[PDB]
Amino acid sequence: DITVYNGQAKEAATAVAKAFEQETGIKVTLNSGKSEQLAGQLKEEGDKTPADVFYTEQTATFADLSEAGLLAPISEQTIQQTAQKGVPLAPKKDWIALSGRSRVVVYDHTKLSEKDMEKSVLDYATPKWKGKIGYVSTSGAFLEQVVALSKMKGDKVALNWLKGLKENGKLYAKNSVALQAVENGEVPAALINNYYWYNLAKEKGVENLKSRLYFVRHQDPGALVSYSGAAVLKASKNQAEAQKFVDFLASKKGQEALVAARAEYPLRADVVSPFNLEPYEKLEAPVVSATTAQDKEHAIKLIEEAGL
């Protein structure tokens, strides 16, 4: 049996854990928390950690652990299972990207069509969208978007975008609130994440929704995908079962368990989500370096500088 430090949504972690125990007979104990806190605990605990695997919603959090020599190598064959073009790879082969969530524009299709949408996420923060674009400045994925903009286009462009949203956008407290605002006709469009829309669509049925999704694609900063993944702890004295779990998460069956439980994009090419997601490859996500704590501190300063 193994212990998994879990930073991923509980529905996902519980679903893949269950499917692992059913397929192998090996029991999984999840110890759940914030990935940043969990990684900190794994560094503090060092070679005394009871964690066998670290399952996360953000592969960027592996960087420090890899740098500290705390992660074990994974099989190159396992890594290749999810190694589609654009998917982050561990240079030391000591973690694996498993799935993704995407930035998206949700819009009221009875007020706008795709003809009204922008080819760049930058263009939603302009006077054409005054009073007509929702955004969630407090959300984690919004912060990831800002980091991506700074990296891809520099600070002036990112800051200008944030100023644009301050002047032209409508602020919402949460992604779910922004989605309901579009559904209820308060705002014709909003910047959110994909899984919110697909959850609403799976629950209520798409024929009963006013809102649809527009994907900017072509490696625009607005096509940003955030990657979930797993790693085995070097300190684990149960390498065989830890590696079996990670191998399982990258297998067809493990990916199937994940996508049934949550509307993330599988990174296997041969699995299809029952949420009716398009293939990962079609998203055309940009290639962006992992978010560091420094990246985040700096994006927070841009948000403040912009009046948000």
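Just count from 1 along the sequence shown to find any residue number.
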item: Per the entry, higher mean C-alpha B factor between 25-33 and 50-58; value: 25-33
item: Mean C-alpha B-factor comparison - 139-147 and 208-216, higher one; value: 208-216
item: Highest recorded Cα temperature factor - choice among 65, 249, 283, 240; value: 65
item: Which of 94, 203, 123, 108 ranks first by CA B-factor in the deposited coordinates; value: 203
item: CA B-factor ranking of residue 288, expressed as a third of its chain; value: lowest
item: Residue 99 - which third its CA temperature factor falls in, relative to the rest of the chain; value: lowest
item: Entry-reported Cα temperature factor of residue 82, expressed as the chain third it lands in; value: middle
item: Residue 89, C-alpha B-factor rank within chain (lowest, middle or highest third); value: middle
item: Lowest, middle or highest third - CA B-factor, residue 228; value: lowest
